[PDB]
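Report on one structure; see the data block that follows.
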Amino acid sequence: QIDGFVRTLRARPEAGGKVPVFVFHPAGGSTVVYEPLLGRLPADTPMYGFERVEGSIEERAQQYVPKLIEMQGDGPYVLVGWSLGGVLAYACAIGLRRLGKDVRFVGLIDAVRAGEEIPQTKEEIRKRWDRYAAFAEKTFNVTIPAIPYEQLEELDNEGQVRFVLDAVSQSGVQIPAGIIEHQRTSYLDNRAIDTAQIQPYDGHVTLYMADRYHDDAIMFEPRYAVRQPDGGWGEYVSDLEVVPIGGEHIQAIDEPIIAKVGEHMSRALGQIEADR
């Protein structure tokens, strides 16, 4: 059930069968989080999960898309993700369409863009790490020394993190590798979103929309405290459907809220099977 970065959540028959749902991992998690959604989809709906790969969002899609095509040929494609996973599903939809494939459904499970753009500037890096340092001070009750802004503002997100980690390790702090790697990859995967070069998509997108981001997302990036009515997708997607689901972002992937997603999604899938 594991093949490279592809997890089989429910296998498709040797030949024929219903259209698979492809799900994409959230930052800091695997596609096992889609098991509740799977329970609320029609019986025998196949489901395959795409796990983490490296690079910009575009570079990640460039590794996913050939695999998608190896598995599902010309389509139809049903692409679904929560959080980062929604952004990844979209980037794959864009890629698949350029190659002429048939993309029938893109499900964004509260993959809501920050309500203001995140500036890609040296000033914002300075401000960001000033905030992070102030939070570190209250939490671990230490006094943080002068941040070396000159070094930090010249680095990309992965460079910034590597620098801060090296400083932390230098400072004498010993942290178990699993915790570091989980924190580091979650952080960088969520930051990857900020520079996703988002393209218009000519098909149907469903955005399942919670009420708000949870506090930790806002502490990660304060601009997530604001949401636009189209979740930031309205300019790029002509055929955008929004389905309000309530709750917080972190609740959207679980029961009971996931039942509302699965019920609507089940109807979309049903229509796809009829149109076959």
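Each chain in the structure tokens gets a letter, A, B, ..., in the order shown, and its residues are numbered from 1; ligands are numbered from 1 in order too.
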**OP:** Skip residue 259 of chain A itself and residues of its chain fewer than 6 positions away, then list as a list in words all residues within 10 Å of it, counting only C-alpha atoms.
**Re:** residues 36, 37, 38, 39, 40, 41, 245, 252, 253 and 265 of chain A
**OP:** Once DSSP has gone over the backbone, tell me which residues of segment 113-204 of chain A are in helix (DSSP H, G or I), as a ChimeraX atom specification.
**Re:** /A:122-140,149-152,157-170,177-195
Wanna dump the segment 119-149 of chain A-segment 179-201 of chain A contacts at 12 Å for me, each residue with its shortest atom pair and the distance in Å to one decimal, counting only C-alpha atoms, ordered by chain and number, as a tab-separated table?
residue	atom	partner	partner_atom	distance
A:119	CA	A:194	CA	8.6
A:120	CA	A:195	CA	8.0
A:121	CA	A:195	CA	11.7
A:125	CA	A:191	CA	12.0
A:128	CA	A:191	CA	11.9
Subject >> Which of segment 51-133 of chain A fall in strand (DSSP E), as a list in words >> reply: residues 77, 78, 79, 80, 81, 82, 103, 104, 105, 106, 107, 108 and 109 of chain A
Based on the selection just made, write N, CA and C atoms of those residues as an mmCIF file, in the first residue's frame.
data_model
loop_
_atom_site.group_PDB
_atom_site.id
_atom_site.type_symbol
_atom_site.label_atom_id
_atom_site.label_comp_id
_atom_site.auth_asym_id
_atom_site.auth_seq_id
_atom_site.Cartn_x
_atom_site.Cartn_y
_atom_site.Cartn_z
ATOM 1 N N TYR A 77 -10.015 13.077 -13.831
ATOM 2 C CA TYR A 77 -9.288 13.284 -12.583
ATOM 3 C C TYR A 77 -10.143 13.974 -11.538
ATOM 4 N N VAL A 78 -10.076 13.444 -10.320
ATOM 5 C CA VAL A 78 -10.700 14.023 -9.136
ATOM 6 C C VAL A 78 -9.576 14.268 -8.152
ATOM 7 N N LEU A 79 -9.339 15.538 -7.867
ATOM 8 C CA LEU A 79 -8.184 15.948 -7.098
ATOM 9 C C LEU A 79 -8.643 16.692 -5.866
ATOM 10 N N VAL A 80 -8.181 16.257 -4.699
ATOM 11 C CA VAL A 80 -8.736 16.751 -3.438
ATOM 12 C C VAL A 80 -7.628 16.983 -2.424
ATOM 13 N N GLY A 81 -7.680 18.103 -1.724
ATOM 14 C CA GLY A 81 -6.803 18.243 -0.588
ATOM 15 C C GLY A 81 -7.263 19.229 0.466
ATOM 16 N N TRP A 82 -6.817 18.978 1.686
ATOM 17 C CA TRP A 82 -7.024 19.866 2.809
ATOM 18 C C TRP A 82 -5.745 20.636 3.081
ATOM 19 N N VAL A 103 -9.918 16.953 -16.296
ATOM 20 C CA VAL A 103 -10.047 17.157 -14.853
ATOM 21 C C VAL A 103 -11.493 17.526 -14.500
ATOM 22 N N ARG A 104 -12.185 16.649 -13.782
ATOM 23 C CA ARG A 104 -13.621 16.838 -13.538
ATOM 24 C C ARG A 104 -13.962 17.490 -12.211
ATOM 25 N N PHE A 105 -13.077 17.354 -11.223
ATOM 26 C CA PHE A 105 -13.358 17.858 -9.879
ATOM 27 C C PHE A 105 -12.078 18.213 -9.113
ATOM 28 N N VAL A 106 -12.035 19.438 -8.577
ATOM 29 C CA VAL A 106 -10.975 19.882 -7.662
ATOM 30 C C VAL A 106 -11.626 20.294 -6.334
ATOM 31 N N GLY A 107 -11.332 19.556 -5.267
ATOM 32 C CA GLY A 107 -11.946 19.811 -3.971
ATOM 33 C C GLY A 107 -10.923 20.410 -3.032
ATOM 34 N N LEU A 108 -11.117 21.674 -2.670
ATOM 35 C CA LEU A 108 -10.214 22.327 -1.726
ATOM 36 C C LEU A 108 -10.871 22.287 -0.380
ATOM 37 N N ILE A 109 -10.287 21.550 0.559
ATOM 38 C CA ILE A 109 -10.907 21.481 1.871
ATOM 39 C C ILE A 109 -10.263 22.556 2.747
#
Original post:
How many Å separate atom CA of residue 100 of chain A from atom CA of residue 74 of chain A?
Top reply: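 Between these atoms lies a distance of 8.0 Å.
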**OP:** Using only C-alpha atoms, pick whichever of A:137, A:273, A:206, A:98 has the shortest atom-to-atom distance to residue 261 of chain A.
**Re:** A:206
Excluding residue 13 of chain A and residues on its chain fewer than 4 positions from it, collect all residues at most 10 Å away from it, counting only C-alpha atoms, and give them as a compact mmCIF listing (two decimals) with N, CA and C atoms, in the first residue's frame.
# COMPACT_ATOMS: atom_id res chain seq x y z
N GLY A 17 -14.18 -0.02 -12.79
CA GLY A 17 -14.40 0.44 -11.43
C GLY A 17 -14.68 1.93 -11.42
N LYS A 18 -14.92 2.49 -10.23
CA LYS A 18 -15.20 3.91 -10.16
C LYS A 18 -13.94 4.77 -10.29
N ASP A 44 -16.59 1.56 -2.32
CA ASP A 44 -15.72 1.16 -3.44
C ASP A 44 -15.19 2.32 -4.31
N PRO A 46 -12.24 4.30 -5.19
CA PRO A 46 -10.81 4.13 -4.90
C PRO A 46 -10.19 5.44 -4.43
Original post:
From the set A:24, A:94, A:250, A:208, which residue has the shortest atom-to-atom contact distance to residue 263 of chain A, counting only C-alpha atoms?
Top reply: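 Comparing A:24, A:94, A:250, A:208 against residue 263 of chain A, the winner is A:208.
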Subject >> Which residue of A:58, A:4, A:19, A:224 approaches residue 270 of chain A most closely, using only C-alpha atoms >> reply: A:19
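By only C-alpha atoms, and with residues fewer than 3 positions from segment 146-156 of chain A along its chain excluded, the set lying at most 6 Å from it is residues 122, 125, 159 and 160 of chain A.
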Got time to write the residues from that selection, N, CA, C and O atoms, as a CSV table (one decimal), in the first residue's frame?
chain,number,residue,atom,x,y,z
A,122,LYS,N,12.6,41.9,2.1
A,122,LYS,CA,13.5,41.7,3.2
A,122,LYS,C,12.8,42.3,4.5
A,122,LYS,O,13.0,41.7,5.6
A,125,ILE,N,10.7,39.6,6.1
A,125,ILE,CA,11.5,38.6,6.8
A,125,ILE,C,11.9,39.1,8.2
A,125,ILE,O,11.9,38.4,9.2
A,159,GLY,N,16.6,28.4,3.7
A,159,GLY,CA,17.8,29.0,4.2
A,159,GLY,C,17.6,29.6,5.6
A,159,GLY,O,18.4,29.5,6.5
A,160,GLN,N,16.5,30.4,5.7
A,160,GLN,CA,16.3,31.1,7.0
A,160,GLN,C,16.2,30.0,8.1
A,160,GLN,O,16.8,30.2,9.2
